[PDB]
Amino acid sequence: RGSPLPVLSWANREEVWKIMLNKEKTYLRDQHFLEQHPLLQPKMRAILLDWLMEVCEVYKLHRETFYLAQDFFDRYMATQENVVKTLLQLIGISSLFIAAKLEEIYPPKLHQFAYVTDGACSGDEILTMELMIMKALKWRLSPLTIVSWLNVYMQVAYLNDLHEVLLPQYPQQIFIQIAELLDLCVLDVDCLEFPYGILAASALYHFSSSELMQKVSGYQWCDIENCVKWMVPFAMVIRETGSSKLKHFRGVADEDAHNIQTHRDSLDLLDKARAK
């Protein structure tokens, strides 16, 4: 797929894109990883990731932090076997601790990561697990997340006359509306069949057009068609329940509020969506 980026002062736009596309080749996902954990059920992954989104909203963590944690959790579980369901909480909160230290300026302290587990996970258990995760991933902790792709697509959609790519200039409401569909989709392990850039392009298509999807992603219909069809019931349930409004967060500039991870009762929505 050709580069949707404008001419850049700071790089060759085609190299910058090639490098981003090479990430999706380097960072692998496996929609069947739970076959290596044969008594785990996909609903257990849904419950764990939904809970991490709740922790993120409580502590005002970035959507980037949540999607780093989701990626770490999914890639780590794909490297292991026979994990007992009682350890998913520890793996998830340790994934989010790593993501938070990477991505936040002032991440919560270890004691808050332990605190939110209501006695199930000590600080020491989280420090052991973070090293287990980072070694199993070979310190590959720089994926291009689902939400990073939405961010780049929104910037291309709304690009000003100066072709400025680094200073953000898209509206907040379209961004959180598409992210909300993505947050629902990521609770279903079948989402991992699709590259993260294709999951994001597909949720964008469901909120826009073929013409905008092609302009911002460079994908052709044939690339996203299977993802778009898989996403239909998820988009429907979001359109029927209605989209959430932009929230205000204590100490967050109201113009940056769209970058903060939110939480709604998505397990309800998930049931309805997988029902169809």
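Think of the rigid core as the biggest set of C-alphas that the two forms share within 1.5 Å after superposition. For every residue, the number given is its place in the sequence shown, counted from 1.
In terms of root mean square C-alpha deviation after superposing on the rigid core in 6 other deposited structures of this protein, the stretch standing farther out between 160-168 and 190-198 is 160-168.
Per-stretch RMS Cα distance to the displayed form in 6 other deposited structures of this protein, following rigid core alignment, is highest for 241-249 when 49-57 and 241-249 are compared.
The question of which stretch, 186-194 or 93-101, has the higher mean Cα B factor is settled in favour of 186-194.
Between 258-266 and 21-29, the higher mean Cα B-factor belongs to 21-29. Each of 71, 118, 130, 180 has a CA temperature factor in the record; the biggest one is found at 118.
Per the deposited coordinates, the residue with the largest Cα temperature factor out of 163, 109, 75, 140 is 163. In this PDB entry, the Cα temperature factor of residue 67 sits in the bottom third of its chain's modelled residues, the lowest group. In this PDB entry, the Cα temperature factor of residue 236 sits in the top third of its chain's modelled residues, the highest group.
Ranked within its chain, residue 172 lands in the middle third, by CA B factor from the PDB record. Split the chain's modelled residues into thirds by C-alpha temperature factor. Residue 159 is in the highest one. The PDB entry assigns residue 225 a C-alpha temperature factor belonging to the highest third of its chain's modelled residues.
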